[PDB]
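File shown here: start.cif, holding mmCIF, C-alpha atoms.
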data_final
#
loop_
_atom_site.label_atom_id
_atom_site.label_comp_id
_atom_site.auth_asym_id
_atom_site.auth_seq_id
_atom_site.Cartn_x
_atom_site.Cartn_y
_atom_site.Cartn_z
CA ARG N 1 -59.65 -16.45 -35.72
CA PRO N 2 -57.69 -19.68 -35.14
CA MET N 3 -59.28 -20.02 -31.68
CA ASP N 4 -62.66 -20.41 -33.48
CA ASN N 5 -61.52 -23.40 -35.46
CA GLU N 6 -63.03 -26.94 -35.44
CA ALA N 7 -60.28 -28.34 -33.17
CA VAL N 8 -60.75 -25.82 -30.35
CA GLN N 9 -64.50 -26.30 -30.63
CA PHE N 10 -63.87 -30.02 -30.10
CA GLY N 11 -61.71 -29.33 -26.99
CA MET N 12 -64.44 -27.13 -25.54
CA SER N 13 -67.03 -29.85 -26.12
CA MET N 14 -65.35 -31.88 -23.37
CA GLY N 15 -66.54 -29.18 -20.97
CA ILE N 16 -66.04 -30.26 -17.38
CA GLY N 17 -65.41 -34.02 -17.25
CA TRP N 18 -64.52 -36.62 -14.63
CA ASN N 19 -61.72 -39.17 -14.15
CA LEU N 20 -62.46 -42.79 -13.29
CA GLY N 21 -59.33 -42.64 -11.09
CA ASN N 22 -57.57 -45.28 -8.97
CA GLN N 23 -59.48 -47.78 -11.10
CA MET N 24 -58.14 -49.32 -14.38
CA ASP N 25 -54.93 -47.45 -13.46
CA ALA N 26 -54.60 -49.14 -10.02
CA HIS N 27 -51.78 -51.64 -9.68
CA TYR N 28 -49.46 -53.46 -7.35
CA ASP N 29 -46.68 -56.04 -7.71
CA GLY N 30 -46.49 -55.24 -11.44
CA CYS N 31 -50.08 -55.80 -12.50
CA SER N 32 -53.10 -53.56 -12.80
CA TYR N 33 -56.50 -54.63 -11.48
CA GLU N 34 -59.65 -52.52 -11.58
CA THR N 35 -60.46 -53.09 -7.87
CA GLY N 36 -56.82 -53.09 -6.75
CA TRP N 37 -57.00 -49.78 -4.86
CA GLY N 38 -60.37 -50.33 -3.28
CA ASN N 39 -62.88 -49.00 -5.80
CA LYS N 40 -65.61 -51.31 -6.96
CA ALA N 41 -65.86 -51.99 -10.68
CA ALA N 42 -67.64 -49.42 -12.86
CA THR N 43 -71.08 -50.12 -14.25
CA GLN N 44 -73.40 -48.45 -16.74
CA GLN N 45 -74.97 -46.64 -13.80
CA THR N 46 -71.57 -45.02 -13.11
CA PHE N 47 -71.51 -43.36 -16.52
CA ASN N 48 -75.23 -42.52 -16.40
CA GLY N 49 -74.54 -40.70 -13.12
CA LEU N 50 -71.81 -38.65 -14.74
CA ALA N 51 -74.00 -37.54 -17.68
CA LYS N 52 -76.91 -36.74 -15.38
CA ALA N 53 -74.66 -34.52 -13.28
CA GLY N 54 -73.60 -32.56 -16.39
CA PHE N 55 -70.16 -33.92 -17.13
CA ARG N 56 -69.50 -33.91 -20.88
CA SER N 57 -66.47 -36.13 -20.85
CA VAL N 58 -64.82 -38.93 -18.94
CA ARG N 59 -61.21 -39.98 -18.73
CA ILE N 60 -60.54 -43.67 -18.11
CA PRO N 61 -56.83 -43.92 -17.22
CA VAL N 62 -55.55 -47.44 -17.87
CA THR N 63 -52.35 -49.04 -16.56
CA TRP N 64 -51.30 -51.82 -18.97
CA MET N 65 -48.44 -53.26 -16.92
CA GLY N 66 -49.13 -56.95 -16.09
CA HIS N 67 -51.29 -57.42 -19.24
CA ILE N 68 -48.56 -57.06 -21.79
CA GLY N 69 -46.85 -60.11 -23.29
CA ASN N 70 -43.15 -60.55 -23.98
CA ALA N 71 -41.24 -58.75 -26.67
CA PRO N 72 -41.32 -58.51 -29.59
CA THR N 73 -45.11 -58.50 -30.03
CA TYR N 74 -46.03 -57.15 -26.55
CA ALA N 75 -49.43 -58.83 -26.96
CA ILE N 76 -52.15 -57.27 -24.80
CA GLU N 77 -54.17 -59.78 -22.80
CA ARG N 78 -57.60 -59.92 -24.46
CA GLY N 79 -59.64 -59.89 -21.26
CA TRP N 80 -57.99 -56.62 -20.18
CA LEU N 81 -58.52 -54.95 -23.55
CA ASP N 82 -62.15 -56.26 -23.47
CA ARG N 83 -62.83 -54.45 -20.21
CA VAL N 84 -61.34 -51.20 -21.53
CA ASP N 85 -63.56 -51.74 -24.63
CA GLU N 86 -66.63 -52.31 -22.44
CA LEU N 87 -66.07 -49.24 -20.25
CA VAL N 88 -65.49 -47.03 -23.29
CA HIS N 89 -68.81 -48.19 -24.76
CA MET N 90 -70.75 -47.73 -21.50
CA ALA N 91 -69.46 -44.15 -21.48
CA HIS N 92 -70.51 -43.72 -25.14
CA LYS N 93 -73.93 -45.10 -24.31
CA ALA N 94 -74.19 -42.34 -21.73
CA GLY N 95 -73.30 -39.65 -24.33
CA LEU N 96 -69.81 -38.83 -22.96
CA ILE N 97 -66.66 -37.98 -24.85
CA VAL N 98 -64.07 -40.54 -23.69
CA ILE N 99 -60.31 -40.38 -23.20
CA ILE N 100 -58.14 -43.49 -22.64
CA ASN N 101 -54.39 -43.56 -22.17
CA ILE N 102 -51.26 -45.29 -20.97
CA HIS N 103 -51.13 -44.36 -17.29
CA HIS N 104 -49.00 -45.82 -14.44
CA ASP N 105 -46.82 -47.77 -16.89
CA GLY N 106 -44.90 -44.52 -16.91
CA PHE N 107 -45.11 -43.62 -13.23
CA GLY N 108 -41.60 -42.17 -12.64
CA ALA N 109 -41.37 -41.59 -8.86
CA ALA N 110 -39.82 -43.93 -6.29
CA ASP N 111 -42.96 -44.48 -4.27
CA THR N 112 -44.71 -47.23 -6.25
CA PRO N 113 -46.24 -50.56 -5.13
CA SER N 114 -44.78 -52.02 -8.39
CA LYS N 115 -41.06 -51.31 -7.93
CA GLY N 116 -39.11 -52.54 -10.94
CA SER N 117 -42.12 -53.09 -13.23
CA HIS N 118 -42.40 -49.63 -14.87
CA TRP N 119 -41.17 -50.44 -18.39
CA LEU N 120 -41.91 -46.90 -19.59
CA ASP N 121 -38.76 -45.51 -17.99
CA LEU N 122 -37.60 -42.02 -18.96
CA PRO N 123 -34.18 -41.83 -17.20
CA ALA N 124 -33.37 -45.31 -18.53
CA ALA N 125 -34.19 -44.08 -22.04
CA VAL N 126 -32.06 -40.94 -21.72
CA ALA N 127 -29.09 -42.98 -20.40
CA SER N 128 -29.33 -45.50 -23.28
CA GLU N 129 -30.49 -45.06 -26.86
CA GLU N 130 -30.86 -48.83 -27.15
CA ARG N 131 -33.23 -48.73 -24.15
CA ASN N 132 -35.10 -45.81 -25.76
CA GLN N 133 -35.49 -47.85 -28.96
CA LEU N 134 -36.99 -50.77 -26.97
CA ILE N 135 -39.44 -48.55 -25.10
CA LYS N 136 -40.48 -47.03 -28.42
CA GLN N 137 -41.12 -50.46 -29.96
CA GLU N 138 -43.35 -51.41 -26.97
CA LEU N 139 -45.22 -48.08 -27.29
CA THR N 140 -45.76 -48.71 -30.97
CA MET N 141 -47.06 -52.29 -30.44
CA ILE N 142 -49.36 -51.17 -27.64
CA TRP N 143 -50.88 -48.22 -29.44
CA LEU N 144 -51.26 -50.27 -32.63
CA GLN N 145 -53.34 -52.86 -30.72
CA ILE N 146 -55.40 -50.26 -28.95
CA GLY N 147 -56.11 -48.44 -32.19
CA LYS N 148 -57.01 -51.69 -34.00
CA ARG N 149 -59.59 -52.57 -31.33
CA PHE N 150 -61.21 -49.13 -31.62
CA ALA N 151 -60.87 -48.60 -35.38
CA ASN N 152 -64.66 -48.39 -35.82
CA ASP N 153 -65.14 -45.85 -33.02
CA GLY N 154 -65.28 -42.21 -34.08
CA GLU N 155 -64.16 -38.88 -32.71
CA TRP N 156 -66.08 -39.13 -29.42
CA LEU N 157 -63.15 -41.45 -28.44
CA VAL N 158 -59.85 -39.61 -27.73
CA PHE N 159 -56.49 -41.30 -27.25
CA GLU N 160 -54.07 -39.67 -24.78
CA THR N 161 -50.57 -40.94 -25.56
CA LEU N 162 -48.98 -40.99 -22.11
CA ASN N 163 -49.63 -39.71 -18.61
CA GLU N 164 -47.07 -37.99 -16.34
CA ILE N 165 -43.58 -38.63 -17.67
CA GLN N 166 -40.70 -37.60 -15.43
CA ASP N 167 -37.58 -38.68 -13.59
CA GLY N 168 -39.08 -38.68 -10.03
CA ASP N 169 -38.42 -35.07 -9.06
CA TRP N 170 -41.70 -33.74 -10.47
CA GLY N 171 -40.11 -31.20 -12.81
CA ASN N 172 -37.59 -29.80 -10.28
CA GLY N 173 -34.78 -32.18 -11.07
CA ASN N 174 -32.25 -32.90 -13.75
CA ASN N 175 -34.79 -32.01 -16.45
CA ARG N 176 -33.81 -28.38 -15.82
CA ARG N 177 -30.06 -29.00 -16.29
CA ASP N 178 -29.53 -31.91 -18.70
CA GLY N 179 -29.50 -29.75 -21.83
CA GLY N 180 -33.12 -30.71 -22.60
CA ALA N 181 -32.34 -34.41 -22.99
CA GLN N 182 -35.42 -35.57 -21.01
CA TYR N 183 -37.68 -33.15 -22.89
CA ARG N 184 -36.31 -34.42 -26.18
CA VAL N 185 -36.96 -38.11 -25.44
CA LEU N 186 -40.49 -37.28 -24.22
CA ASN N 187 -41.06 -35.47 -27.53
CA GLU N 188 -39.81 -38.53 -29.41
CA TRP N 189 -42.15 -40.80 -27.41
CA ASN N 190 -45.16 -38.65 -28.30
CA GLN N 191 -44.16 -38.77 -31.99
CA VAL N 192 -43.91 -42.58 -31.87
CA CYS N 193 -47.34 -42.85 -30.19
CA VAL N 194 -48.98 -40.57 -32.77
CA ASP N 195 -47.32 -42.54 -35.62
CA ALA N 196 -48.66 -45.85 -34.17
CA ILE N 197 -52.19 -44.51 -33.70
CA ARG N 198 -52.32 -43.17 -37.25
CA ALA N 199 -50.99 -46.53 -38.57
CA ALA N 200 -53.78 -48.45 -36.76
CA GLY N 201 -56.28 -47.66 -39.53
CA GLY N 202 -59.92 -46.71 -39.88
CA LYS N 203 -61.18 -43.94 -37.67
CA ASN N 204 -57.79 -43.65 -35.94
CA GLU N 205 -56.95 -41.56 -39.05
CA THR N 206 -58.76 -38.47 -37.86
CA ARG N 207 -59.12 -39.19 -34.13
CA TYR N 208 -58.13 -36.43 -31.71
CA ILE N 209 -54.95 -37.34 -29.88
CA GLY N 210 -53.92 -35.70 -26.58
CA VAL N 211 -50.20 -35.28 -26.00
CA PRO N 212 -48.58 -34.16 -22.72
CA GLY N 213 -45.46 -32.27 -21.70
CA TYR N 214 -43.04 -33.03 -18.87
CA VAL N 215 -44.91 -34.45 -15.82
CA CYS N 216 -48.08 -32.71 -17.23
CA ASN N 217 -46.74 -29.44 -15.87
CA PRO N 218 -48.30 -26.58 -17.85
CA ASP N 219 -45.22 -24.34 -17.89
CA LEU N 220 -42.75 -27.11 -18.79
CA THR N 221 -45.26 -28.03 -21.50
CA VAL N 222 -45.55 -24.52 -22.95
CA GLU N 223 -41.73 -24.21 -22.78
CA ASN N 224 -40.64 -27.59 -24.20
CA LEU N 225 -43.44 -29.62 -25.77
CA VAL N 226 -43.11 -30.21 -29.48
CA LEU N 227 -46.39 -31.13 -31.16
CA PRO N 228 -45.74 -34.29 -33.18
CA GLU N 229 -45.72 -34.20 -36.98
CA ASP N 230 -49.11 -35.63 -37.94
CA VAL N 231 -50.63 -37.16 -41.12
CA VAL N 232 -53.65 -34.89 -40.84
CA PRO N 233 -54.08 -31.33 -39.63
CA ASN N 234 -55.71 -30.04 -36.47
CA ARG N 235 -56.18 -33.38 -34.70
CA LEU N 236 -53.75 -32.91 -31.74
CA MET N 237 -54.67 -31.57 -28.28
CA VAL N 238 -52.32 -30.55 -25.46
CA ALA N 239 -52.98 -32.38 -22.21
CA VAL N 240 -51.98 -30.79 -18.91
CA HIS N 241 -52.62 -31.43 -15.21
CA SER N 242 -53.11 -28.97 -12.36
CA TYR N 243 -53.39 -29.40 -8.62
CA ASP N 244 -52.08 -25.84 -8.09
CA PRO N 245 -51.08 -24.64 -5.66
CA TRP N 246 -50.15 -28.04 -4.33
CA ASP N 247 -50.03 -27.20 -0.62
CA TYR N 248 -53.65 -26.00 -0.85
CA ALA N 249 -55.23 -28.38 -3.38
CA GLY N 250 -53.23 -31.56 -2.93
CA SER N 251 -51.45 -31.84 0.44
CA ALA N 252 -53.94 -29.54 2.21
CA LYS N 253 -51.30 -28.07 4.47
CA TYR N 254 -53.29 -24.90 3.94
CA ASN N 255 -57.08 -24.95 3.92
CA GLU N 256 -58.03 -21.58 2.46
CA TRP N 257 -57.33 -20.07 -0.98
CA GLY N 258 -57.51 -16.70 -2.64
CA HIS N 259 -57.80 -13.09 -1.64
CA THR N 260 -60.27 -13.64 1.24
CA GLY N 261 -58.33 -16.58 2.70
CA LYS N 262 -56.07 -16.23 5.71
CA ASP N 263 -54.73 -19.83 5.95
CA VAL N 264 -53.28 -19.62 2.45
CA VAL N 265 -50.24 -20.63 0.44
CA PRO N 266 -48.24 -17.40 0.73
CA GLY N 267 -48.61 -15.21 -2.31
CA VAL N 268 -50.21 -17.87 -4.49
CA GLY N 269 -53.84 -17.32 -5.40
CA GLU N 270 -56.08 -16.18 -8.22
CA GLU N 271 -53.53 -14.18 -10.22
CA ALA N 272 -51.05 -17.06 -10.24
CA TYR N 273 -53.61 -19.58 -11.48
CA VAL N 274 -54.88 -17.26 -14.19
CA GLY N 275 -51.31 -16.54 -15.26
CA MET N 276 -50.76 -20.24 -15.84
CA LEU N 277 -53.93 -20.45 -17.87
CA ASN N 278 -52.88 -17.39 -19.87
CA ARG N 279 -49.68 -19.10 -20.92
CA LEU N 280 -51.67 -22.06 -22.26
CA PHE N 281 -54.15 -19.78 -23.94
CA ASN N 282 -51.45 -17.82 -25.73
CA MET N 283 -49.27 -20.77 -26.70
CA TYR N 284 -52.03 -23.09 -27.91
CA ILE N 285 -55.66 -21.89 -27.94
CA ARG N 286 -54.85 -18.55 -29.65
CA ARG N 287 -53.13 -20.58 -32.39
CA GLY N 288 -56.07 -22.98 -32.89
CA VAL N 289 -54.55 -25.79 -30.78
CA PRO N 290 -56.90 -27.18 -28.11
CA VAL N 291 -55.84 -27.65 -24.51
CA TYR N 292 -57.51 -29.76 -21.86
CA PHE N 293 -56.80 -30.49 -18.25
CA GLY N 294 -56.61 -34.29 -18.16
CA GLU N 295 -56.67 -33.86 -14.38
CA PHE N 296 -57.49 -31.07 -12.01
CA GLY N 297 -58.82 -30.79 -8.54
CA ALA N 298 -58.58 -29.98 -4.88
CA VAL N 299 -59.25 -32.25 -1.95
CA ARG N 300 -62.31 -32.18 0.27
CA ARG N 301 -62.27 -30.44 3.65
CA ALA N 302 -63.72 -31.48 7.04
CA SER N 303 -64.92 -27.99 8.07
CA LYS N 304 -67.85 -26.41 6.22
CA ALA N 305 -66.18 -23.02 6.19
CA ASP N 306 -63.06 -24.61 4.64
CA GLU N 307 -65.21 -26.50 2.13
CA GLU N 308 -66.60 -23.15 0.93
CA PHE N 309 -63.08 -22.19 -0.13
CA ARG N 310 -62.75 -25.41 -2.16
CA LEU N 311 -66.04 -24.59 -3.95
CA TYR N 312 -64.79 -21.02 -4.55
CA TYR N 313 -61.61 -22.47 -6.03
CA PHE N 314 -63.62 -24.62 -8.43
CA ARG N 315 -65.94 -21.79 -9.48
CA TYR N 316 -63.09 -19.39 -10.10
CA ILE N 317 -60.64 -21.67 -11.95
CA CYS N 318 -63.31 -23.40 -14.04
CA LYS N 319 -64.68 -19.98 -15.13
CA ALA N 320 -61.17 -18.93 -16.05
CA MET N 321 -60.82 -22.10 -18.15
CA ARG N 322 -64.12 -21.64 -20.01
CA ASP N 323 -63.14 -18.03 -20.82
CA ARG N 324 -59.93 -19.39 -22.37
CA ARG N 325 -61.74 -22.21 -24.25
CA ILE N 326 -60.07 -24.86 -22.09
CA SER N 327 -61.84 -28.02 -20.95
CA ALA N 328 -60.97 -29.93 -17.77
CA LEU N 329 -61.52 -33.30 -16.15
CA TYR N 330 -61.86 -33.54 -12.38
CA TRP N 331 -59.70 -36.18 -10.64
CA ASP N 332 -61.94 -38.59 -8.71
CA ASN N 333 -60.21 -41.46 -6.94
CA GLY N 334 -63.29 -42.62 -5.03
CA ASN N 335 -61.74 -41.73 -1.61
CA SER N 336 -64.34 -40.13 0.66
CA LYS N 337 -61.88 -38.72 3.24
CA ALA N 338 -61.10 -35.08 4.00
CA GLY N 339 -57.57 -33.81 3.39
CA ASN N 340 -54.81 -35.56 1.51
CA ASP N 341 -56.16 -37.88 -1.26
CA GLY N 342 -59.72 -36.93 -0.51
CA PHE N 343 -60.95 -36.55 -4.11
CA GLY N 344 -63.99 -38.89 -4.26
CA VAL N 345 -67.23 -37.13 -5.20
CA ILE N 346 -69.09 -39.84 -7.20
CA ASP N 347 -69.22 -43.55 -6.39
CA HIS N 348 -67.31 -45.49 -9.06
CA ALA N 349 -69.79 -48.41 -9.14
CA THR N 350 -73.16 -46.70 -8.56
CA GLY N 351 -72.73 -43.20 -10.05
CA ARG N 352 -74.25 -41.66 -6.92
CA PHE N 353 -72.80 -38.72 -5.03
CA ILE N 354 -70.39 -39.44 -2.18
CA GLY N 355 -71.13 -37.35 0.89
CA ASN N 356 -71.40 -33.67 -0.07
CA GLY N 357 -69.86 -34.28 -3.50
CA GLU N 358 -72.84 -32.83 -5.35
CA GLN N 359 -71.90 -29.35 -4.15
CA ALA N 360 -68.35 -29.72 -5.55
CA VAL N 361 -69.55 -31.16 -8.84
CA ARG N 362 -72.12 -28.34 -9.22
CA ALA N 363 -69.48 -25.66 -8.45
CA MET N 364 -67.20 -26.85 -11.22
CA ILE N 365 -69.71 -27.75 -13.94
CA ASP N 366 -72.11 -24.82 -13.43
CA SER N 367 -69.29 -22.24 -13.39
CA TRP N 368 -67.73 -23.56 -16.63
CA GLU N 369 -71.16 -23.93 -18.31
CA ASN N 370 -72.60 -20.54 -17.34
CA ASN N 371 -73.50 -18.50 -20.44
CA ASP N 372 -74.50 -15.25 -18.81
CA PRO N 373 -72.15 -12.42 -19.86
CA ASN N 374 -72.69 -10.85 -16.42
CA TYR N 375 -71.22 -13.95 -14.74
CA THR N 376 -67.57 -13.08 -14.78
CA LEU N 377 -64.33 -13.82 -13.04
CA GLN N 378 -64.83 -10.53 -11.15
CA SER N 379 -68.31 -11.55 -9.91
CA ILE N 380 -66.93 -14.84 -8.56
CA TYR N 381 -63.96 -12.99 -7.02
CA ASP N 382 -66.25 -10.50 -5.26
CA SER N 383 -68.37 -13.33 -3.85
CA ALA N 384 -65.41 -15.22 -2.28
CA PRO N 385 -66.18 -16.71 1.15
CA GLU N 386 -65.16 -15.47 4.60
CA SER N 387 -62.10 -16.89 6.36
CA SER N 388 -62.69 -18.92 9.53
CA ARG N 389 -59.27 -17.84 10.94
#

Translate the structure described by the file into structure tokens.
Amino acid sequence: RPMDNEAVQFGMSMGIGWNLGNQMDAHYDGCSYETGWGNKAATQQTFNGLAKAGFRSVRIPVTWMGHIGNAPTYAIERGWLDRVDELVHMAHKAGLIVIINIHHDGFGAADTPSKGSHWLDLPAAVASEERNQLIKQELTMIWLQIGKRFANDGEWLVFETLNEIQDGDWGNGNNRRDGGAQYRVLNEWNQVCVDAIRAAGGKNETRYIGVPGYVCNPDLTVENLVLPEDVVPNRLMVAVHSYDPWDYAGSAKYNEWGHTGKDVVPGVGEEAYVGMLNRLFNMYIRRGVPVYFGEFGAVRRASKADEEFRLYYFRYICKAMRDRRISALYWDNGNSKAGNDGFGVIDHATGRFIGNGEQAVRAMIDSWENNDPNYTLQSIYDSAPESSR
């Protein structure tokens, strides 16, 4: 069976992981700074905390903007690359699989504290082939440098080519009516990144590389992503993100989820989420192509009864992922609030739990990891909590 191959095994080995979010990706006025959005800098204790909790992987999103020299060499500032290098190796010391990327360089929405500085510009590339050529040259120079730094680091280190590429309308815009022009350029960008990584030598030759589809949307991925042509077989993984359904998990307009919820996104619950996973399973996993959620999550709630629904969500979706051989990394931005943007469960400098974060972390990891054939999606379903409305 292709789903039993070495690649899918590797994907599964990431298990449930954790994002060091709003950290090396944080930026304003055109430059990234680790502490720029209010997290303290990560330490060895951070990564020790993750491994102790049972996370198998860690994603370290990195925004490069502000640390990139002028064309044509686009030289990366050594101090910045040093810190990325250091974090990667702290994570490795803790026994974690590690993903690094190009992150808010390609932020494509209007609401950015770095207006005008996002060089990785999809609409600009679609409007002009000469702009597309320039962006591709920068991508090549950047990934070449990154790969050259990490040429002696093996397959525990994963490169993810890009983050969430879009035109600002989050997949509901012109991408659905431009004759696939945006999807095509994104596909070209992923090819260029893979080419660069493979050209960087040494262990970049057989490194796993994660590639995403449009705005990391699973369906637009399944429907339009073209896996780049590679110099070796079975070393690409499909990266996706899910905060579905958004008005439960992300905006928290609704604070219950699933078949026992009353304050729910209308008609969007377990079946919908499983359907999305099924599409990924059939398109990729079933064919021996691994899939991982680079980001998933749902915000924290103020009420205990509401919080039980969040834990239910994690148990259910993470079980569904395991059953489909899909790994997933929880989005942690360090924010301890309830509601919108409230994703912090582990302190980014100390590795300790934030508030009641242990209960969330346990829900996700222990559901994915469970190896009892009597622990099933049905058993989680039947144990769903009681509405408080």

(Q) Which residue is closest to residue N:240? Choose from N:163, N:204, N:340, N:32 and count only C-alpha atoms. (A) N:163

With the PyMOL selection byres ((chain N and resi 149) around 12) as the selection, what would be picked from this file? Answer as a JSON list (two decimals) with C-alpha atoms, in the frame of the given file, please.
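File part18.json, as written:
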[["chain", "number", "residue", "atom", "x", "y", "z"],
["N", 76, "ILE", "CA", -52.15, -57.27, -24.80],
["N", 78, "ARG", "CA", -57.60, -59.92, -24.46],
["N", 80, "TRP", "CA", -57.99, -56.62, -20.18],
["N", 81, "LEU", "CA", -58.52, -54.95, -23.55],
["N", 82, "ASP", "CA", -62.15, -56.26, -23.47],
["N", 83, "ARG", "CA", -62.83, -54.45, -20.21],
["N", 84, "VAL", "CA", -61.34, -51.20, -21.53],
["N", 85, "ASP", "CA", -63.56, -51.74, -24.63],
["N", 86, "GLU", "CA", -66.63, -52.31, -22.44],
["N", 88, "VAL", "CA", -65.49, -47.03, -23.29],
["N", 142, "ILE", "CA", -49.36, -51.17, -27.64],
["N", 143, "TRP", "CA", -50.88, -48.22, -29.44],
["N", 144, "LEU", "CA", -51.26, -50.27, -32.63],
["N", 145, "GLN", "CA", -53.34, -52.86, -30.72],
["N", 146, "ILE", "CA", -55.40, -50.26, -28.95],
["N", 147, "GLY", "CA", -56.11, -48.44, -32.19],
["N", 148, "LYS", "CA", -57.01, -51.69, -34.00],
["N", 150, "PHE", "CA", -61.21, -49.13, -31.62],
["N", 151, "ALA", "CA", -60.87, -48.60, -35.38],
["N", 152, "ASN", "CA", -64.66, -48.39, -35.82],
["N", 153, "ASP", "CA", -65.14, -45.85, -33.02],
["N", 197, "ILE", "CA", -52.19, -44.51, -33.70],
["N", 200, "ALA", "CA", -53.78, -48.45, -36.76],
["N", 201, "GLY", "CA", -56.28, -47.66, -39.53],
["N", 202, "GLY", "CA", -59.92, -46.71, -39.88],
["N", 203, "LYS", "CA", -61.18, -43.94, -37.67],
["N", 204, "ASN", "CA", -57.79, -43.65, -35.94]]

Q.
I'd like to see the residues matched by the PyMOL selection byres ((chain N and resi 59-71) around 7) on this file, and ideally I'd get them as a VMD selection string.
A. chain N and resid 18 to 21 24 to 26 30 to 32 57 to 58 72 to 77 80 98 to 105

Q: Please write the residues picked by the PyMOL selection byres ((chain N and resi 284-299) around 6) on this file as a list in words.
A: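 That expression, the PyMOL selection byres ((chain N and resi 284-299) around 6), corresponds here to residues 2, 3, 8, 11, 237, 238, 239, 240, 241, 242, 243, 249, 250, 280, 281, 282, 283, 300, 326, 327, 328, 329, 330, 331, 339, 342 and 343 of chain N.
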
Selection file, C-alpha atoms, as an mmCIF file, in the frame of the given file:
data_model
loop_
_atom_site.group_PDB
_atom_site.id
_atom_site.type_symbol
_atom_site.label_atom_id
_atom_site.label_comp_id
_atom_site.auth_asym_id
_atom_site.auth_seq_id
_atom_site.Cartn_x
_atom_site.Cartn_y
_atom_site.Cartn_z
ATOM 1 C CA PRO N 2 -57.690 -19.680 -35.140
ATOM 2 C CA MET N 3 -59.280 -20.020 -31.680
ATOM 3 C CA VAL N 8 -60.750 -25.820 -30.350
ATOM 4 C CA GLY N 11 -61.710 -29.330 -26.990
ATOM 5 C CA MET N 237 -54.670 -31.570 -28.280
ATOM 6 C CA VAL N 238 -52.320 -30.550 -25.460
ATOM 7 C CA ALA N 239 -52.980 -32.380 -22.210
ATOM 8 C CA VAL N 240 -51.980 -30.790 -18.910
ATOM 9 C CA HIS N 241 -52.620 -31.430 -15.210
ATOM 10 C CA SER N 242 -53.110 -28.970 -12.360
ATOM 11 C CA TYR N 243 -53.390 -29.400 -8.620
ATOM 12 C CA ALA N 249 -55.230 -28.380 -3.380
ATOM 13 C CA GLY N 250 -53.230 -31.560 -2.930
ATOM 14 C CA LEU N 280 -51.670 -22.060 -22.260
ATOM 15 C CA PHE N 281 -54.150 -19.780 -23.940
ATOM 16 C CA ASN N 282 -51.450 -17.820 -25.730
ATOM 17 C CA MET N 283 -49.270 -20.770 -26.700
ATOM 18 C CA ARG N 300 -62.310 -32.180 0.270
ATOM 19 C CA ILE N 326 -60.070 -24.860 -22.090
ATOM 20 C CA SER N 327 -61.840 -28.020 -20.950
ATOM 21 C CA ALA N 328 -60.970 -29.930 -17.770
ATOM 22 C CA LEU N 329 -61.520 -33.300 -16.150
ATOM 23 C CA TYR N 330 -61.860 -33.540 -12.380
ATOM 24 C CA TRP N 331 -59.700 -36.180 -10.640
ATOM 25 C CA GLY N 339 -57.570 -33.810 3.390
ATOM 26 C CA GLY N 342 -59.720 -36.930 -0.510
ATOM 27 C CA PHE N 343 -60.950 -36.550 -4.110
#

**Q.** Spatial neighbours of residue N:191, 6 Å, all atoms listed in the file, chain gap at least 3 places, as a PyMOL selection string
**A.** chain N and resi 188+194+228

Written coordinates, N, CA, C and O atoms of stretch 238-245 of chain N as a CSV table (one decimal), in the first residue's frame:
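Result written to selection02.csv:
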chain,number,residue,atom,x,y,z
N,238,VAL,N,2.7,17.7,1.7
N,238,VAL,CA,1.7,18.8,1.4
N,238,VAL,C,1.4,19.4,2.8
N,238,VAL,O,1.1,18.7,3.7
N,239,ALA,N,1.6,20.7,2.9
N,239,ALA,CA,1.3,21.5,4.0
N,239,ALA,C,-0.1,22.1,3.9
N,239,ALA,O,-0.3,22.8,2.8
N,240,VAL,N,-0.9,22.1,4.9
N,240,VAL,CA,-2.2,22.8,4.9
N,240,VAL,C,-2.4,23.4,6.3
N,240,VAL,O,-1.7,23.0,7.3
N,241,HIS,N,-3.3,24.3,6.4
N,241,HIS,CA,-3.7,24.9,7.6
N,241,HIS,C,-5.2,24.8,7.8
N,241,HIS,O,-6.0,24.8,6.9
N,242,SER,N,-5.6,24.5,9.1
N,242,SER,CA,-7.1,24.6,9.4
N,242,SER,C,-7.4,25.2,10.7
N,242,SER,O,-7.0,24.8,11.8
N,243,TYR,N,-8.2,26.3,10.7
N,243,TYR,CA,-8.9,26.9,11.8
N,243,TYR,C,-10.5,26.8,11.6
N,243,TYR,O,-11.2,27.6,12.0
N,244,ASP,N,-10.9,25.6,11.1
N,244,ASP,CA,-12.3,25.4,10.7
N,244,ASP,C,-13.1,24.8,11.8
N,244,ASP,O,-12.7,24.0,12.5
N,245,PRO,N,-14.4,25.3,11.9
N,245,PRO,CA,-14.9,26.4,11.1
N,245,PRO,C,-14.5,27.7,11.8
N,245,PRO,O,-14.5,27.9,13.0
